Protein chains: 2
Amino acid sequence: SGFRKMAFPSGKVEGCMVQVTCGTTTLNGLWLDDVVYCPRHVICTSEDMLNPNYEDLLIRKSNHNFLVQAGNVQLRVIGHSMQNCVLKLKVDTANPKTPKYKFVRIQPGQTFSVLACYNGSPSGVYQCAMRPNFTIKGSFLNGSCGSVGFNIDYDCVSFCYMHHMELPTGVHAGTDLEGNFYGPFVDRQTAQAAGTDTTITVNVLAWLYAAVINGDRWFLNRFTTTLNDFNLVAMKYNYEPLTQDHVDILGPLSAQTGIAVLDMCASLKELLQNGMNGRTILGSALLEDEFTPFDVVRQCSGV
Amino acid sequence: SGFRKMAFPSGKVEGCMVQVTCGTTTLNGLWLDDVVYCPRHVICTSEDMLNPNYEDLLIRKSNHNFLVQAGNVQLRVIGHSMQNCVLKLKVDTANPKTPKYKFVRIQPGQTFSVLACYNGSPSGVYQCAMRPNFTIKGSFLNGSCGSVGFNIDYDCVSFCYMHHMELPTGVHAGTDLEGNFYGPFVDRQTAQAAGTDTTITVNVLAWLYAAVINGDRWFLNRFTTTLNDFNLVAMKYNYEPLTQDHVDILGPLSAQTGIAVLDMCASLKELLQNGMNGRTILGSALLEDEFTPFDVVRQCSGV
Ligand SMILES: *C(=O)[C@H](C[C@@H]1CCNC1=O)NC(=O)[C@H](CC(C)C)NC(=O)/C=C/c1ccccc1
Ligand SMILES: *C(=O)[C@H](C[C@@H]1CCNC1=O)NC(=O)[C@H](CC(C)C)NC(=O)/C=C/c1ccccc1
């Protein structure tokens with residue numbers, strides 16, 4: 001029993017983190033086979049940050065302008081190329097610690113683990129969700145760019161995020177490992193706003209099922225609701241519409257607890273309309289939306 | 001910027017996790033040099049759980065009653081002994097992945113990372129605090145015993161917790177790595193209650209400083225308070241007394257934000273007396289007490 005924001009074990013990714021320096025700029029890179037992946041803004045200087053032309057900065061660079069260090073072993077760069085907003089630095093050594101891996105792009109509402117790193121050295125690990133507005137609410141300081149986000153299935157690491165920047169609101173923005181940004185952000189020093197965010201409804205429901213599985217039942221009721229009448233309430237509270245596919249995805253959790261999905265919807269509607277009146281759910285006074293149904297099943301399987 | 005419940009990178013501990021089976025009971029062990037550490041209740045049977053006499057079960061055991069597996073490599077047990085509530089299984093192979101390590105016992109109010117494991121295989125990592133009543137609010141299922149809690153400084157893993165049991169309230173109890181329980185718990189299948197818990201005051205203050213460092217300032221005021229008048233309020237809300245040593249420990253955070261400790265105490269007093277009135281601090285509608293001052297400095301250093 002218990003329910004915690006749980007990250008994947010980070011060892012397999014720790015073995016892939018290197019330090020990449022260009023000029024006076026040092027950040028993190030991801031070393032897989034004989035390629036090191038890092039944010040392309042490592043080649044930028046303070047004088048070309050409003051609108052850097054990246055193919056230009058890059059054409060003016062050599063292999064010997066890139067210093068790659070794995071621990072305290074220097075890697076020789078033998079090739080460089082740009083892939084959207086990431087640099088691919090070919091090195092003369094394949095990483096002997098390369099795990100089986102995939103480059104996957106995730107969907108808003110999905111979760112992943114972030115291994116925060118500085119100077120190629122892992123600092124901490126925590127769980128993030130991709131917000132509906134394609135930002136993440138992370139914990140990143142200067143020097144953290146190139147830190148990655150990932151999921152693990154079996155023994156295969158699915159990389160899904162590389163960190164590039166922080167917005168004025170304090171949330172974070174980055175790319176998939178093909179260098180394509182999540183959301184309408186660009187790797188340049190503005191002054192960029194995220195679109196309006198919303199609450200991930202299917203996740204809130206998943207977390208209520210986690211609560212029931214852990215013995216928190218006070219929010220349940222006899223009411224049921226139609227999917228239509230629920231989504232009418234959801235839209236008023238800035239919650240994403242709940243689809244039949246979300247209902248199907250919640251199937252196993254519904255079956256394990258004997259609470260129909262539309263019944264839990266009726267509990268959610270009351271919570272949205274009345275609040276909690278000073279009670280908590282799984283230790284929170286807020287409705288939590290950064291646990292997926294999979295996260296709940298993975299952590300609560302067999303009570 | 002940002003503030004997340006952050007665990008230490010788990011790689012160094014992942015390399016130490018093994019599977020230990022005795023009879024039909026399988027749980028996790030910690031393999032350091034040529035010793036495997038695990039909960040002694042691995043030698044118990046269903047018929048001897050109310051009051052197992054452990055020296056008895058142990059005298060009746062041989063080395064060949066213990067099957068130790070590291071991944072899919074079997075380790076030969078060449079010696080066994082009991083140290084309080086842990087078993088020490090001497091094996092014929094020193095773990096080549098042994099990190100530099102220490103066995104440290106922590107204090108209530110201190111935090112650590114837990115690597116949850118099943119069948120010797122790491123499942124997830126998350127951050128825990130030792131509660132004032134010597135329980136932890138973790139996430140543990142059947143098969144998780146022998147999972148460990150730890151901190152890292154530099155490259156040295158300080159192990160502080162091994163998991164043994166869950167209480168009826170859903171909180172968790174275990175030992176240090178010398179096998180000595182945290183709190184008044186025993187490794188037998190009762191029905192055991194924790195003493196009354198309290199809120200870790202110095203940590204709540206640390207987290208308010210984190211909030212200010214991250215731009216959440218709405219709870220600040222011009223009031224200051226005496227340490228005496230604050231502790232009068234704290235005792236009424238089940239908060240631990242704040243000592244001068246706690247005030248000194250908060251020194252660096254006070255200096256970084258320019259908010260005197262006793263000034264933040266005055267903010268805390270108002271929050272305890274009025275609540276938040278629907279506002280949040282660092283994304284929480286509750287006052288968070290599982291971040292130490294060190295946790296805050298480590299994550300917020302340089303804004
Ligand atoms: C990379 O390490 C760094 C990570 C930042 C630093 C602070 N928190 C983070 O996540 N990325 C950058 O510094 C990035 C560089 C660009 C050339 C892409 N710029 C930003 O993150 C912020 C730009 C900004 C923010 C707010 C107002 C105006 C500009
Ligand atoms: C070890 O893997 C296991 C972990 C439990 C299982 C469920 N959540 C956990 O943390 N430890 C035990 O099962 C332990 C065995 C004893 C012989 C020490 N017993 C318990 O955790 C619970 C005992 C209990 C709880 C509630 C009411 C009555 C008894």
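Heavy atoms only: backbone and side chains are in, while hydrogens, waters and symmetry mates are out. Throughout, protein chains are lettered first and strands after them, A, B, ... in sequence-line order, and every chain is numbered starting at 1.
In this structure B/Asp216 satisfies the salt bridge (charged side-chain N to carboxylate O under 4.0 Å, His left out) test with no other residue, sequence neighbours excluded. Considering only residues two or more places apart in sequence or on other chains, B/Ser1 meets the side chain to side chain donor-acceptor pair (under 3.5 Å) condition with B/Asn214. Under the rule for a salt bridge (charged side-chain N to carboxylate O under 4.0 Å, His left out), B/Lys137 has no partner lying at least two apart in sequence or in another chain. When the salt bridge (charged side-chain N to carboxylate O under 4.0 Å, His left out) test is applied to A/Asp197, the partners found at least two apart in sequence or on another chain are A/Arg131. By the side chain to side chain donor-acceptor pair (under 3.5 Å) test, A/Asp48 pairs with A/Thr45, sequence neighbours left out.
At least one side-chain heavy atom of A/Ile136 sits under 4.5 Å from a side-chain heavy atom of A/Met130. A/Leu58 places a side-chain heavy atom less than 4.5 Å from the side chain of A/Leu87. Considering only heavy atoms from C-beta on, B/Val212 comes within 4.5 Å of B/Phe219 through its side chain. Taking 4.5 Å as the limit, some side-chain heavy atom of A/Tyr239 sits within range of a side-chain heavy atom of A/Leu268. In this structure, B/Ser123 and B/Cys117 have side chains that are not in contact, with every pair of non-hydrogen atoms separated by 4.5 Å or more. Between A/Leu227 and A/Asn231, some side-chain heavy-atom pair lies under the 4.5 Å cut-off. Looking at A/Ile43 and A/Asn65, their side chains never come closer than 4.5 Å, going by heavy atoms from C-beta outward. Looking only at side-chain heavy atoms (C-beta outward), A/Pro52 and A/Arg188 come within less than 4.5 Å of each other.
Pairs of residues two or more places apart, or lying in two chains, that qualify as salt bridge (charged side-chain N to carboxylate O under 4.0 Å, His left out) and include a residue from residues 170-183 of chain A are A/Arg105-A/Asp176. Applying the side chain to side chain donor-acceptor pair (under 3.5 Å) test to every pair with at least one member in residues 140-149 of chain A, sequence neighbours left out, gives no pairs at all. Pairs passing the salt bridge (charged side-chain N to carboxylate O under 4.0 Å, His left out) check and including a residue from residues 139-167 of chain A, sequence neighbours excluded, read A/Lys12-A/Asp155. Every pair passing side chain to side chain donor-acceptor pair (under 3.5 Å) that includes a residue from residues 27-43 of chain A is listed here, sequence neighbours excluded: A/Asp33-A/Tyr101, A/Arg40-A/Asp187. Applying the side chain to side chain donor-acceptor pair (under 3.5 Å) test to residues at least two apart or on different chains, the pairs with a partner in residues 70-93 of chain A are A/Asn63-A/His80. Applying the salt bridge (charged side-chain N to carboxylate O under 4.0 Å, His left out) test to residues at least two apart or on different chains, the pairs with a partner in residues 53-67 of chain A are A/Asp56-A/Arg60. Residues in residues 177-204 of chain A take part in these ring-ring contact (aromatic ring centres under 6.0 Å, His included) pairs, two or more places apart or across chains: A/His164-A/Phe181.
The closest donor-acceptor contact from the side chain of B/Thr257 to the backbone of B/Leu253 lies under 3.5 Å. Remark: the backbone N or O of A/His64 is not paired with any side-chain donor or acceptor of A/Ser62 at under 3.5 angstrom. A side-chain donor-acceptor contact under 3.5 Å links A/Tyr161 to the backbone of A/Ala173. A distance-only check finds no donor-acceptor pair linking the side chain of A/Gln127 to the backbone of A/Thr111 [under 3.5 Å]. Judged by distance alone, the side chain of A/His246 and the main-chain N or O of A/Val202 form no donor-acceptor pair under 3.5 Å. Judged by distance alone, the side chain of A/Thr198 and the main-chain N or O of A/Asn238 form no donor-acceptor pair under 3.5 Å. Side chain of A/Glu14 to main chain of B/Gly11: a donor-acceptor pair is present (N/O by atom type, distance under 3.5 Å, no hydrogens or angles). Remark: side-chain polar atoms of A/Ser284 are paired, donor with acceptor, to backbone N or O of A/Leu286 under 3.5 angstrom. A donor-acceptor pair under 3.5 Å links the side-chain atoms of A/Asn133 to the main chain of A/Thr135, judged by distance alone. Side-chain atoms of A/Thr201 come within 3.5 Å of backbone atoms of A/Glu240 as a donor-acceptor pair (strictly under, hydrogens ignored).
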_Determine whether A/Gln299 and A/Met6 satisfy the following criterion, side-chain contact (heavy atoms from CB on, under 4.5 Å), listing intermediate values before the conclusion._
CA-CA 8 Å; A/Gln299 211 179 139; A/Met6 192 169 309; 3.3 Å; yes

Practice task
Report the C-alpha separation of A/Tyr237 and A/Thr199 in whole Å, then their side-chain angles, then the decisive distance to 0.1 Å, and conclude whether the side-chain contact (heavy atoms from CB on, under 4.5 Å) test is met.
Solution key: CA-CA 9 Å; A/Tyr237 286 84; A/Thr199 297; over 6 Å; no

Can you list the steps and then say if B/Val125 with A/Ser10 is a side-chain contact (heavy atoms from CB on, under 4.5 Å)? CA-CA 8 Å; B/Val125 62; A/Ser10 64; 5.8 Å; no

Could you go through the side-chain contact (heavy atoms from CB on, under 4.5 Å) check for B/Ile152 and B/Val13 one step at a time? CA-CA 10 Å; B/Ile152 308 186; B/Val13 178; 5.8 Å; no

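Between B/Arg4 and A/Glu290, at least one side-chain N (NZ, or NE/NH1/NH2) sits under 4.0 Å from a carboxylate O, which counts as a salt bridge.
Rounding to the nearest 0.5 Å gives a distance of 9.0 Å between CD of A/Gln69 and CG of A/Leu75. Taking CG of A/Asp295 as the start and CZ of A/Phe112 as the end, the distance is 12.0 Å to the nearest 0.5 Å. For the atom pair A/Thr175 OG1 and A/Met162 CE, the distance stands at 6.5 Å (nearest 0.5 Å). Rounding to the nearest 0.5 Å places CG of B/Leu205 at 11.0 Å from CG of B/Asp289. How far NE2 of B/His163 is from CG of B/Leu115: 13.0 Å, rounded to the nearest 0.5 Å. Between the CG atom in A/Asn151 and the CZ atom in A/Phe8 there is a gap of 4.5 Å [rounded to 0.5 Å].
In plain terms, the two heavy atoms of A/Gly179 and A/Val86 that are nearest each other are CA-CG1, 3.6 Å. When all heavy atoms of A/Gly2 and B/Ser139 are compared, the pair lying nearest together is O-OG, 3.4 Å. Of all heavy-atom pairs spanning B/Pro293 and B/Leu250, the tightest one is CG-CD2, 4.0 Å. Looking at every heavy atom in both residues, A/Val18 comes nearest to A/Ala70 through CG1-CB, 3.8 Å. Residues B/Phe150 and B/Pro9 approach most closely at CE1-O, 4.1 Å, considering heavy atoms. A/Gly109 approaches A/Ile200 most closely through the heavy-atom pair CA-CD1, 3.6 Å.
Within a 6.0 Å radius of CD in A/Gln107, other residues, nucleotides and ligands contribute 12 heavy atoms or fewer. Under a cut-off of 6.0 angstrom, the local environment of CZ in B/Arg298 is crowded, with over 12 non-hydrogen atoms contributed by other residues, nucleotides or ligands.
Tested against A/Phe3, the residues A/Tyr209, A/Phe291, A/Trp207 include a single ring pair (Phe, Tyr, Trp, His ring centres under 6.0 Å) partner, A/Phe291.
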